[PDB]
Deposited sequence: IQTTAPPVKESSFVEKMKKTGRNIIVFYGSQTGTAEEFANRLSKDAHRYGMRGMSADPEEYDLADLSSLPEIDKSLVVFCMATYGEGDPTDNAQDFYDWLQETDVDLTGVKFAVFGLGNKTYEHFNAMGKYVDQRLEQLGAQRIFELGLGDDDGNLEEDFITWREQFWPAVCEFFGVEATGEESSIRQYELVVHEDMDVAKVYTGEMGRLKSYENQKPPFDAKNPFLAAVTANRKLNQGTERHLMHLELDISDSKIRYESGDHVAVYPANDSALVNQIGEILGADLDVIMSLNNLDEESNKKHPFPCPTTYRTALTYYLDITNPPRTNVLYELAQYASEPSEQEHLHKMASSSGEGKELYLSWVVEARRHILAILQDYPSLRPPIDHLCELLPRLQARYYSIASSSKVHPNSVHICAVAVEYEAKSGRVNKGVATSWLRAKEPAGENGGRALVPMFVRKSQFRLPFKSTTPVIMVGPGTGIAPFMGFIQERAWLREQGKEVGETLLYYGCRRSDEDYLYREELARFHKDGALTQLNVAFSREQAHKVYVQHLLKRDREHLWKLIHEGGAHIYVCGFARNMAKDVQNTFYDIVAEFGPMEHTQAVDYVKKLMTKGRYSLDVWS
């Protein structure tokens, strides 16, 4: 229940703006595009602004025609079941209820989707179709960005054609380095007025007061951090975060989010190579005193702190960041390279995709491989995108561990084609937390729809290969609990998979116990590498087809699938089609409808992380 800002049309009028770009984003991709489009307004004699549809009354769209050459653009990402992003929720519901007339409104839509989902860019497709039905006229074709390929490139391609169309329609042409903030170094700063990594209110990390959430995370102490796998090929860990006194509620199936810190050595190095003093206390105030975002991140603060807690310094810099940096490359060929990274075709496009994206070169890596690139630290901090929270499937039951949130994660570390060893931000940070001054992890809980059945007699079929075992340790703790409580619990099956029982069989002992005690009716483990051929969880599902069909069709069984690989989820889904087709019996097509029907009925749940 946020307090809506005043009419954005009136705001546009007052600031002389004629184009507004709204973003339907969840993890910032769409926000960045909207901001990039809004910044483009200038290059064409127009003045724009970006905005969060949740903070406004979209009904005011009907007043947009009161501004000459007015235009509204929508950058929307599609989520769970072709649903809108949280922030675009009210807009979505509204578009369904309203009879409002938008005659004279000119709009354009760029959708962010993926093709590896049942409803590709549903949101974008809807916003674009609905706006026309209400009477608004499309000024440029709907953009169907695909994140399965390179969304960034699609955006660039769409955009390179968007503006010429807009210029042609409105009768305006092009006009051939604009900074969003100004630097204000502080000399006398009461130490108590300097942000040191809090996400929200000053000193909120130190003075913790409920309720806790994304904007006011609870600093949970790590009471446990142990190695889960037996071998050393990889490092899988299990942590326990104490949420006592936080008044935080959670149930198995929910995800726990964390705000990490970047590697100090990496931060230190970025400062070193630029010759900048990371310990300078300062602020970056928006040059547009009209905007609401007065700072790119909590200020005043030091660079070190920004680079440490507020900025992303590990993922590959996007085209516009490289483009704005070119100016700081004292070597011609390098300045040229950076400048051409944003090309929509040719060698320039090939270089960004192979040398930047594919090689996973972070900013420091680019500063090293292009020795002439020596930008001022403050302009860099303005260009780098914000550091995001990382999510994890809570690996414990709140009925058994009401005061603790468990995590099961695989540490990320790999060789990038850039030649260096890339480290996962959150997993490295977590791996380093020792129970000891106790080690704290800023966190919060995100409710999900991944839940055990309400009726305890209902059979549960769990499929979780590798790290996907995470949410299931909670389910098993819970089901075992329901039994201890004397209640009647139906069958609980676990289809787990790993490479070798002696390499990475997670929770081998715990699972063994649950099975012996009957908490786990069946412990089916696929050891993918203990023989020449691959053996995965679906092969076991196929093996037990007769019993699973009995549990599903006549037992009311609920199915759960969790893990990284989207392909694994598809393979598992395919096996269920075949099981249903065989024992119905029924044709493949009907088996597909049957299984997809289990989903819409809440009997087939997924928690895929890719």
- prompt: What gaps appear when the modelled C-alpha atoms are mapped onto the deposited sequence?
  reply: 1-5, 182-184, 445-448
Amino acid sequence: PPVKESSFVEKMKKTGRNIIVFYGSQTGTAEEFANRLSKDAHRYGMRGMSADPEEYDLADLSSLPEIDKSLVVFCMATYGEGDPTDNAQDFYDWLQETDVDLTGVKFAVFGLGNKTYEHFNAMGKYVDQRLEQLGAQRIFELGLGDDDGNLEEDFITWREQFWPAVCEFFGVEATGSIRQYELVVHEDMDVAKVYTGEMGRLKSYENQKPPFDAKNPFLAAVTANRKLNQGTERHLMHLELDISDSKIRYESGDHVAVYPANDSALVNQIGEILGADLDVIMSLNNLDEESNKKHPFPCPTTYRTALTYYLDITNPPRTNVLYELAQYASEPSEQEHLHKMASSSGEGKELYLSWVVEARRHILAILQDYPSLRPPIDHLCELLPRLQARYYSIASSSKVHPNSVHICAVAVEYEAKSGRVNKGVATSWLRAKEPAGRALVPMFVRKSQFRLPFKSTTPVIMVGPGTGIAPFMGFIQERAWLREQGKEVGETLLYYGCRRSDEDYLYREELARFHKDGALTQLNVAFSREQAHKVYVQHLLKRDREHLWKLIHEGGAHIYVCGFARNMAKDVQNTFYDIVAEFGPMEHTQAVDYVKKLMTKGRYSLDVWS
From here on, numbers count along this sequence of modelled residues.
task: For the higher mean C-alpha B factor in the entry, choose 427-435 or 532-540.
output: 427-435
field: Higher-B stretch (mean Cα B-factor, as the entry records it), 150-158 or 77-85
entry: 77-85
message: Sorting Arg318, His186, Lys227, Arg500 by Cα temperature factor from the record, which one lands on top?
response: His186
- prompt: Which one of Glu97, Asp312, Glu413, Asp242 shows the biggest C-alpha B-factor in the PDB entry?
  reply: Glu97
- prompt: Against its chain's modelled residues, does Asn121's Cα B factor rank lowest, middle or highest third?
  reply: highest
- prompt: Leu102's Cα B-factor: lowest, middle or highest third of the chain?
  reply: middle
- request: For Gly48, return the chain-relative third of its C-alpha B-factor as stated in the PDB record: lowest, middle or highest.
  value: highest
- line: Chain-relative C-alpha B factor for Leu61 (record values, thirds): the middle
message: Quick check for you: using the entry's CA B-factors within this chain, is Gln522 in the lowest, middle or highest third?
response: middle
